[PDB]
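Participant: Below you'll find the sequence and an experimental structure to go with it.
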Amino acid sequence: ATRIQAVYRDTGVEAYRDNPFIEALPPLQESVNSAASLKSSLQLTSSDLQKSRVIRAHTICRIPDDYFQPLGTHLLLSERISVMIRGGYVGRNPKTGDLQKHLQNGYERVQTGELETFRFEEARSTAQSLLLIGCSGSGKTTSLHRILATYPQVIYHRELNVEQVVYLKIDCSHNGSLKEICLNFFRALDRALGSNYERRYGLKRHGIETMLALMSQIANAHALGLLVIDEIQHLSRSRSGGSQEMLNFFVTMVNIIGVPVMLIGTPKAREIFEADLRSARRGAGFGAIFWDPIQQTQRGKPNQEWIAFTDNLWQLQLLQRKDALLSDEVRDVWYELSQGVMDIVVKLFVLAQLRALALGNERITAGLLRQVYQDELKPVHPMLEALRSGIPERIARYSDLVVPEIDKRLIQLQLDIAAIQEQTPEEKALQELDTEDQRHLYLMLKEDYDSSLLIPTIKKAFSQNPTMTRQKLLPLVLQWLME
Amino acid sequence: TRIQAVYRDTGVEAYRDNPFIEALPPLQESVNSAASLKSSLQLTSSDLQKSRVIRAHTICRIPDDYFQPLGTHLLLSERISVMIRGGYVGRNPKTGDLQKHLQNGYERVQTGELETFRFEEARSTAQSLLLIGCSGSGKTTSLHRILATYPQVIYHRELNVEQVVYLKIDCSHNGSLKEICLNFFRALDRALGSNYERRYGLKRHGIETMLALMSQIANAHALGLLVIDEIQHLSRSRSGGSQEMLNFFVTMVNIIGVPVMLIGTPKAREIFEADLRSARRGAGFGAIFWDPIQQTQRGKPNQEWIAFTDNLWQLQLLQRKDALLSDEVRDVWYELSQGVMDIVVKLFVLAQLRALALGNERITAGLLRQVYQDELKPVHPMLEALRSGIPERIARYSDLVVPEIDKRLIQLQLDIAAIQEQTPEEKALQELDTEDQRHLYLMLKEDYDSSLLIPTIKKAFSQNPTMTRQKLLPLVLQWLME
Amino acid sequence: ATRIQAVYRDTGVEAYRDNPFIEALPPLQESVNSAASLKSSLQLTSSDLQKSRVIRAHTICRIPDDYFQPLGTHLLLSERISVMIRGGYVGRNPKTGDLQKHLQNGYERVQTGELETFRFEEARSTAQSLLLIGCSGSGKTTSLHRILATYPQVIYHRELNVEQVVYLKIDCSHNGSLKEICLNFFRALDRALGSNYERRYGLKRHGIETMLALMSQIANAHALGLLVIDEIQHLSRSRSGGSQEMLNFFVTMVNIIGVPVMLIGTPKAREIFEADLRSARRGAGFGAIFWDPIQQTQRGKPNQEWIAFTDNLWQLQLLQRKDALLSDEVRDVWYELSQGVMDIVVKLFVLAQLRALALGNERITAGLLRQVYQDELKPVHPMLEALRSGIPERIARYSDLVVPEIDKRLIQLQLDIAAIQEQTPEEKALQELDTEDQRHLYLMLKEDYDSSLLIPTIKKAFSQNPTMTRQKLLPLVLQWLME
Amino acid sequence: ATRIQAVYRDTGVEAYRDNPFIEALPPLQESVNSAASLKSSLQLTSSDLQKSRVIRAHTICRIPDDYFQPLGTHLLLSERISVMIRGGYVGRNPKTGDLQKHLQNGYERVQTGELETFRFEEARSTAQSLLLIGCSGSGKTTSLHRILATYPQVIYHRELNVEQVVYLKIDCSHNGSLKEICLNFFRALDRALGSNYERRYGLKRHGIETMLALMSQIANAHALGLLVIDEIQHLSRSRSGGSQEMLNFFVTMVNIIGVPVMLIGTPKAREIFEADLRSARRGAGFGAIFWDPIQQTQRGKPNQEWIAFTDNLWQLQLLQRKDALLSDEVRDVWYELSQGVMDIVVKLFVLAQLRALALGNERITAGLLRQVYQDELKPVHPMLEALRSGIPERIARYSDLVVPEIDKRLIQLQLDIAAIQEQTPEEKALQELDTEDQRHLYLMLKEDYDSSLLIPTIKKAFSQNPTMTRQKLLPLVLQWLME
Ligand SMILES: Nc1ncnc2c1ncn2[C@@H]1O[C@H](COP(=O)(O)OP(=O)(O)O)[C@@H](O)[C@H]1O
Ligand SMILES: Nc1ncnc2c1ncn2[C@@H]1O[C@H](COP(=O)(O)OP(=O)(O)O)[C@@H](O)[C@H]1O
Ligand SMILES: Nc1ncnc2c1ncn2[C@@H]1O[C@H](COP(=O)(O)OP(=O)(O)O)[C@@H](O)[C@H]1O
Ligand SMILES: Nc1ncnc2c1ncn2[C@@H]1O[C@H](COP(=O)(O)OP(=O)(O)O)[C@@H](O)[C@H]1O
Ligand SMILES: [Mg+2]
Ligand SMILES: [Mg+2]
Ligand SMILES: [Mg+2]
Ligand SMILES: [Mg+2]
């Protein structure tokens, strides 16, 4: 817990003035560019490629979990979360009276006192609930985990005696029930704070009503900012009951708890909320934000976003015979085969390296991509063909495919490439130099100039000029290279 | 929302000692009841200088928080007040000496000194009103804002009743007569804290059994109004025809003592036009009609249109703004929107949302015409029918509405957010287009410093076109070094 | 009842150290020596006899309220209250987190090897509930009220932000149920603390199961020292659940809340709890203290307790022709008349004194006492005869009987007293003598010498005595009267 | 208790090598060193001597609840409990994942002909059982809530999801029904894990066989380690069936359920198991332990255990007039009246101290011991006389006697000690008067003159003059008072 003494700032908005829970948050000015400052990528040096195959394979296997590239939706979602969190605190000011007394005083002052008019609207504050919908693998969880890391989870105050829980995350389990969510709420709260609410409130004897009341009480004890319930797809409609009962429980939970609630799910989870979204009555809530794959055709032009994403990842290939330019057909094949879904796009790039490391030459070709698509990514065929077809019901049915058990498959592929003793000509050429630190110059000089006299002339020149930097001897080698 | 009751007197002699009527906000004149509904956004000059995404969000937040009270809301407010306060006169629970009074009256009529007597005042008048008008005219927001003045639940200390003042129901997209009964309980256990839906809304019950169960509950808490919204959405095939809906809506008024209000589209009146059972019961208190705004009702143009357009125009967030609104712009709005409330606001919002994307940042007639042509496609026949003026064509296309407008707003925001990136770096690489140059830059990015590396090589390429990449390396390296 | 800033003193006991809650309580040593100093009495003056009938009747009317004699059981109950209140704060010291961290730390330290052994004994200190059983009218409620008034109800901590509630009391009503107990807890908490919890939690939606959890959370929030449920005899038996459901509810309430709990009831309510405390299990809790009537005899001798109580009550005689000392016959018949019940002992005396004053033959004797017994105590005959019979089963059935509506009878008898106008010979002499000092002399010398020479001699003597007090005047009149 | 997170420690035995359940338990200890870990005593021995009598009585009443001293027979029981708990976990190893491949490889090799013999799997047969027999009052439960108090009850495993219930304790009922033994298992498992087994299984109408086949399924999901059944005497043909089914139920239970079972009973409960070789084979599966009272001497010289038990308890004496050392006559009388039963030794001490406080004598002699033995220990006399006799049959027939309701006697004695009175000097000065005349004169002349010399003057008036009437005495009394 980043327990920091509450240091209070000045906010431009008059509504957020003198609220001790909002000045404790990081300022907006530094959060303007923090949304776009989420970029993170691996750093590669020249000597990494010259090293042995095991470390190169390890670095290749480290790619999927160490690469992030933000998009426009990562900015829109960041701004939405910031405004939601900062607007959900306006009603819960400890320095001002509660809502019910305000309403009662207004009623007395409009009937007995002097006041021309009043608005008996719910003072519950904004509390804008939201529902995030997207196909599996689009990159929803990995975006929440990166845009919710700016705010510290727990902030401690000293003028009062409270502990502010800025956000809380609940992750569902497969084939769970409604009561499992209630248990997980207390479990996550005890993990975050270090309390013992689970023992005295998370017993299995309690009914749903008692657990909901206790959740409301405890969430109003510690000032809670946001509640995120992830992976709604795993809930089962057999034991829980009808889909109407699930919606009733979700609406009851949202109304009682009194804090902003965000739900993340797939289109298969939309059939539960279909009746709620279409109704236009205020108070139903659950605004919808849809995550979509990167469509290459916008306004009759290739996307600058698509090429920007592909070029950066194309710069991150560890190949001996790699092609610097990404051709139009090479760009098009691994879009038309993967349909732009976020995980499959990087899955091809990480798996084609492994396939090429054993199947022959170290070059990425369309045939190799087709072969890896056909032999490895078997379960995800219906989802990809549904996305290619473009019929919404077909995509809705064939979603949730997550190509199970890729973690063990990566390890098995690593073990498979581990037991290879054949020597490539490139390995022989690299071994012909005894770590003289000159295979780097040889690397820039191998793609065009022939190797008939490349290495002997290089060795002769570096022997003639023993102690200078490689930048100095590169013109020296080039002087007699063509003469 | 549990508000304790505070009693105040009213000048009406018919409501002398009624707690239900005396625990309500006081009676008001014409000016305040119509001027209390006004609401608008407040903007500051600091909002003008901000990032484009926040400005787009503020623009998209306009239709939710803007309301202008016209001259047709005063009548609706007055009628709703009369309906709510007049339906409680026969339901006051203060009956202290009824038994002795009735017994004395009976003992006196038998002897012969008293000719006649009235044992029970059967105050059971069925009051109702139906409000029909074209879609997009604002029958839902104009009702929410009127009803947001009374408290919903009032608690009386002396008694044990919870006076649920009003209740609102919305119909489903296909809909049947059973689901209205199922939604009554589902909204009543949301207004209060209860579990009526599981206890009473079973499947074993028929339509009549739930219709009779609703009466006991609506008389347990002194319900004051019942609003059924969007009767246009009901399907005439899953309900029983065009007659069993009318029978349902006429039997509903008689048994349930509360006043009811029915809201629909002009093509949904064909259900209700068959008989007096809703031409008299439904129009037991009139039938208010909503119409689009007319530009020139008299010889002079209407001041309502001018005031509405001016007040809408004063919420513009653009660097290049024109304070004076041109007459041609007014003509363009009246020609494209034809006075429908839902079209004017969307046209304005979409125009000033596309202005940021195109970068002009000024609203012109051509932009409004283009956004009307591009975005308002499904609602064209309704506009044409309103322009023609034939009642049948107006009735037939009265249910048109543009689908998926919110997704369009989100996509329009995303396009601007993608555009916003200035990209000060990589500008020289944008200037770099030749394949040989890009390969050379990739080769020499680590060796040299790119900032002065990129511009220099373009001159060398421009001077001598008939040179290859391989042979250019020594000369380019020599020029870079010295 | 009013907020008091906490003042931290020092306690000599080692276990009650560094605890904000215990040190803020009143000091232990001062309370020890003042446990038997709660004795109160309605003081009388020598001049009170000389005033009229109405004023003296009004003065006699105040005896049942302005009198309290501390008996043996009062000290034991005081000690039990003290230990129960101050022993339940050991496990809730704010300086240390809780016992779970202690248990985990001990487990880790014994697993590592630095600690030989650890006792997972579930340390809870005393943590014992108490059950009070006694016949109606024994005087439990008054003693409890007078012993709980020493501790201030609410003390405010400024260094912390908690509201210590030292005790809380709940009073039942006729034919009540459990939900009234749950709601009355909140109502009493609002009346004592000064905030509004009834309007937020007193909702008809909640069942009793959820209300108990809310009670537990709120009580743990405020550090509730002690909970006293009173007059459980009044609530109906079969209206709620019968016998098993009420016992189950009481056990659940005792287990969940975690603060000391006391119950007060009649022997007729003991059969609810007979199934629990009779089992030979010292860890089941529910210790019992039995209240018993005062016994005249002890190991063959009259106990000093009853004799001292009767003497102190007889010291307050206010009557015209009353006797001086207490006779053996009247004292012995008083035991058969009242049988030791606290209410009957004082009420018989008050009623007999009032009747003697009203009759005009004011001298309380055995016959007047018996007449009052058979006149006013008709309803409570079965309880008295069952208690005198000594059958342990019949006393339980009639233990709930109580004298109905006696307050109105006192007013009616006072109105009857005000109606009389006849003048007794003592009142005739009172009208004859103007000086109150002379009236006292007449009163003390009334029985030895009759008014044949009494009134004239003292009248002329005090008339001729110009100005002097009684101290030397009385000896001077003695020889003149004797001559 | 409570969900303690597991921390693994290695075990030196080869067979316990890789079992999480065995490793999460507290480390192995030597038998001699483990028996000394059970000792406990009161810490208030000298600091609390000078205080009021009721507080001292309240302190004394807690001697038989917090004083425990191990004997030489506890180390064997501790070793047996440890071996029984840890040795029943070898067949329940959860951490195995290479079974399928190994079994299939063995099958292939034995089918081809490379390998001759193989062993696939074997089921477990029977669980260890133990029997403990001894007379009542010997300490078979106080000495076993402390052996099992050095273990956690519930342990949570992070990598798995099992909650290892280390042990569980249930008691038989007076009815002896076989359906209330399968119904306390669920209740005791619910009172520890906070689960809902009793509603799901017990309340439905199931046969004893079906409900016994469900007790071995929830004792496997939670890796239960030991099951203790107390008061096994109550199945001696008490009710509910015939002897043959009552004997078949235990055999089927031991055969079915996988956990070890321990049985505790009275010397009249070996007739149940001494009926056929199956019952005596299963009751004495891991030895049988028979317990006997303490003897004064074994071979000539007196027992040292008696000396150590009657010397570490005599120190806990809160009396002003105590003796430093034990007179041998007092100890001999104590052994004559106690005969070695654990319960009688403590009670003859606490009751003697309470009577000493009540009567005002602050020292303990043999007379008080004999008086308490004759008065307050009537119901257990046949057992003590049979033990003194020496005939084994009379000892065996009276091994079930127990004294009921001694806590009520303790409370009554505390009340008697509380009600002693203070004898304030003014009341005793008034009590010095021995006639109605002196009291009459004092009451007549109390207010006029000071009471500092009133009593001596009145006493001297009657002392100097033998007797004469009060009316003429009063002029002399006032003359003496004035001068
Ligand atoms: N904007 C992005 N830039 C780079 N990689 C991304 C991006 N979004 C998602 N990914 C990759 O997609 C992979 C899988 O995403 P995942 O968290 O499984 O999405 P979901 O939880 O919706 O299935 C992650 O390993 C992550 O590296
Ligand atoms: N008087 C008004 N002033 C401003 N906006 C209005 C007014 N009346 C309606 N609107 C706009 O019309 C939009 C839709 O109206 P709605 O209530 O949906 O009408 P209907 O229910 O008949 O379709 C609302 O977003 C609201 O902003
Ligand atoms: N020690 C005492 N001295 C004087 N009066 C007493 C004493 N104990 C009880 N009383 C009398 O008992 C009455 C109250 O009895 P109460 O406590 O209500 O009995 P219960 O609790 O059984 O209903 C008071 O009016 C009081 O005068
Ligand atoms: N080793 C011991 N030291 C001191 N007291 C003991 C010891 N063993 C037993 N006792 C006493 O024996 C009393 C009764 O034991 P109990 O649990 O009733 O055994 P059982 O149930 O076999 O009769 C307890 O109060 C306890 O104080
Ligand atoms: Mg996910
Ligand atoms: Mg509408
Ligand atoms: Mg009472
Ligand atoms: Mg026992």
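Facilitator: Ah, there it is. Residues are numbered from 1 along each chain as shown, chains lettered A, B, ... in the order given. Ligands and ions are numbered 1, 2, ... in the order given.
Participant: How about the contacts made by the residue nearest the centre of chain A?
Facilitator: A centroid search over chain A (Cα atoms, centre = their mean) returns residue A:142, at 1.9 Å, as the residue closest to the centre. Contact partners of residue A:142, counting by Cβ atoms under 8 Å, 6 or more residues apart in numbering or on different chains, are residue A:68. Backbone N, C-alpha and C define where each C-beta goes, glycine included.
Participant: what do you get for residue A:250?
Facilitator: Counting by Cβ under 8 Å, 6+ apart, residue A:250 makes contact with A:263, A:272.
Participant: Return the set of buried residues in the one helix or strand the residue nearest to the centre of chain A maps to.
Facilitator: In this structure, residue A:142 sits in helix A:141-147 according to DSSP states H and E. Buried residues in helix A:141-147, defined by neighbour count with 16 or more other Cβ atoms under 10 Å in any protein chain shown: A:143, A:144, A:146, A:147.
Participant: and what of stretch A:88-99?
Facilitator: For stretch A:88-99, by 16+ other Cβ under 10 Å, it's A:88, A:89, A:90, A:91, A:92, A:99.
Participant: who touches the particular helix or strand that has residue A:104 in it?
Facilitator: Residue A:104 belongs to helix A:99-111 when elements are defined using DSSP H and E. Applying Cβ under 8 Å, 6+ apart, the contact partners of helix A:99-111 are A:91, A:115, A:117-118, A:120, A:123-124, B:1-4, B:6, B:8, B:25-26, B:151, C:199-200.
Participant: again with stretch A:66-78
Facilitator: With Cβ under 8 Å, 6+ apart as the criterion, stretch A:66-78 contacts A:34-36, A:38-42, A:142-143, A:146-147, A:289, A:291, A:305, A:309, A:312-313, A:316, A:346, B:53, B:413-414, B:417-418.
Participant: ok, now with 6 Å
Facilitator: A:35, A:38, A:39, A:40, A:41, A:42, A:143, A:147, A:309, B:414, B:417, B:418 (Cβ atoms under 6 Å, 6 or more residues apart in numbering or on different chains).
Participant: tell me which residues in it are buried?
Facilitator: A:67, A:69, A:70, A:71, A:72, A:73, A:74, A:75, A:76, A:77, A:78.
Participant: now do stretch A:183-191
Facilitator: Those would be A:183, A:184, A:185, A:186, A:188, A:189, for stretch A:183-191 by 16+ other Cβ under 10 Å.
Participant: can you tell me if the helix holding residue A:142 touches ligand 1.
Facilitator: Yes: counting by Cβ under 6 Å from any ligand atom, contacts between helix A:141-147 and ligand 1 involve A:141, A:142.
Participant: who does the helix or strand just after that helix pair up with?
Facilitator: The helix or strand immediately downstream of helix A:141-147 is strand A:154-156, counting by DSSP H and E. With DSSP bridges as the test, strand A:154-156 is paired with strand A:163-171 (antiparallel).
Participant: List the contacts of whichever residue of the stretch 351-483 of chain A sits closest to ligand 3.
Facilitator: Residue of the stretch 351-483 of chain A nearest ligand 3, by Cβ to the nearest ligand atom: residue A:400 (68.6 Å). Residue A:400 makes contact with A:136, A:233, A:266, A:268, according to Cβ under 6 Å, 6+ apart.
Participant: can you tell me which of those residues are in strands?
Facilitator: Among the contacts of residue A:400, the subset assigned to strands under DSSP state E is empty.
Participant: burial measure for the closest residue to ligand 4 within chain A, as a count.
Facilitator: Nearest to ligand 4 in chain A, going by Cβ to the nearest ligand atom, is residue A:199, at a distance of 29.4 Å. Using other Cβ atoms under 10 Å in any protein chain shown, residue A:199 has 14 other residues around it.
Participant: Which helix or which strand is home to it?
Facilitator: helix A:197-201.
Participant: Report all helices and strands that the following helix or strand past that helix contacts.
Facilitator: Using DSSP H and E, the helix or strand that directly follows helix A:197-201 along the chain is helix A:208-221. On a contact count with 3 or more Cβ pairs under 6 Å, 6 or more residues apart in numbering or on different chains; DSSP states H and E, helix A:208-221 meets helix A:243-257, helix C:208-222.
Participant: What are the contacting residues of stretch A:272-280?
Facilitator: A:243, A:246, A:247, A:284, A:286, A:288, B:170.
Participant: Can you tell me which of those residues is nearest chain C?
Facilitator: residue A:247 (20.1 Å; Cβ to the nearest Cβ).
Participant: residues contacting whichever residue of chain A sits closest to ligand 3?
Facilitator: Nearest residue of chain A to ligand 3 (Cβ to the nearest ligand atom) works out as residue A:200 at 34.9 Å. Contact analysis of residue A:200 by Cβ under 6 Å, 6+ apart lists nothing.
Participant: again, only using 8 Å
Facilitator: Per Cβ under 8 Å, 6+ apart, neighbours of residue A:200: residue C:216.
Participant: before we move on, back to that, now tabulate the buried residues of stretch A:66-78 in CSV and tack on secondary structure.
Facilitator: Converted to CSV, those look like this (DSSP: H, G, I helix; E, B strand; the rest coil):
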residue, secondary structure
A:67, coil
A:69, coil
A:70, coil
A:71, coil
A:72, helix
A:73, helix
A:74, helix
A:75, helix
A:76, helix
A:77, helix
A:78, helix
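Participant: Now for these: which two are most distant?
Facilitator: A:67 and A:76 (21.4 Å; Cβ to Cβ).
Participant: Relative to ligand 2, which residue of chain A is the closest?
Facilitator: residue A:280 (6.6 Å).
Participant: before we move on, what SS does that residue have?
Facilitator: At residue A:280 the chain is in coil, as set by three-state DSSP.
Participant: what's the longest helix in chain A?
Facilitator: Criterion DSSP state H: the longest helix present in chain A is helix A:342-359.
Participant: residues in contact with it?
Facilitator: Under Cβ under 8 Å, 6+ apart, the answer for helix A:342-359 is A:53, A:57, A:60-61, A:63-64, A:67, A:137-139, A:293, A:313, A:317-319, A:334, A:337-338, A:362-364, A:368-369, A:371-373, A:376-377, A:380, A:384, A:403, A:406, A:413, A:416-417, A:420.
Participant: Buried ones among those residues?
Facilitator: A:57, A:60-61, A:63, A:67, A:137-139, A:293, A:313, A:317-318, A:334, A:337-338, A:362, A:364, A:368-369, A:372-373, A:376-377, A:380, A:384, A:403, A:406, A:413.
Participant: Helices of the stretch 251-400 of chain A, residue ranges please.
Facilitator: For the stretch 251-400 of chain A, the helices defined by DSSP state H, counting those that start in this stretch occupy A:270-278, A:304-314, A:328-336, A:342-359, A:366-375, A:381-389, A:392-397.
Participant: Deepest-packed of the ones you listed, please.
Facilitator: helix A:342-359 (a mean of 19; mean count of other Cβ atoms under 10 Å in any protein chain shown).
Participant: The stretch 201-350 of chain A against chain C: which residues are in contact?
Facilitator: Contact residues, the stretch 201-350 of chain A versus chain C (Cβ under 8 Å from any Cβ of the partner chain): A:201, A:206, A:207, A:209, A:210, A:213, A:214, A:217, A:218, A:221.
Participant: If you could redo that for the stretch 51-200 of chain A, that was the one I meant.
Facilitator: Going by Cβ under 8 Å from any Cβ, the residues of the stretch 51-200 of chain A near chain C are A:100, A:160, A:161, A:196, A:200.
Participant: Hmm, residue C:220 and the fourth one touching each other?
Facilitator: The reference is to residue A:196. No: in this structure, residue A:196 is not within contact of residue C:220 by Cβ atoms under 8 Å, at 11.3 Å.
Participant: Could you tell me which residues touch both of the two?
Facilitator: Common neighbours of residue A:196 and residue C:220 (Cβ under 8 Å, 6+ apart) do not exist.
Participant: between those two, who's got more neighbours?
Facilitator: Taking other Cβ under 10 Å, residue A:196 and residue C:220 do not tie; residue A:196 has more neighbours (18 against 14).
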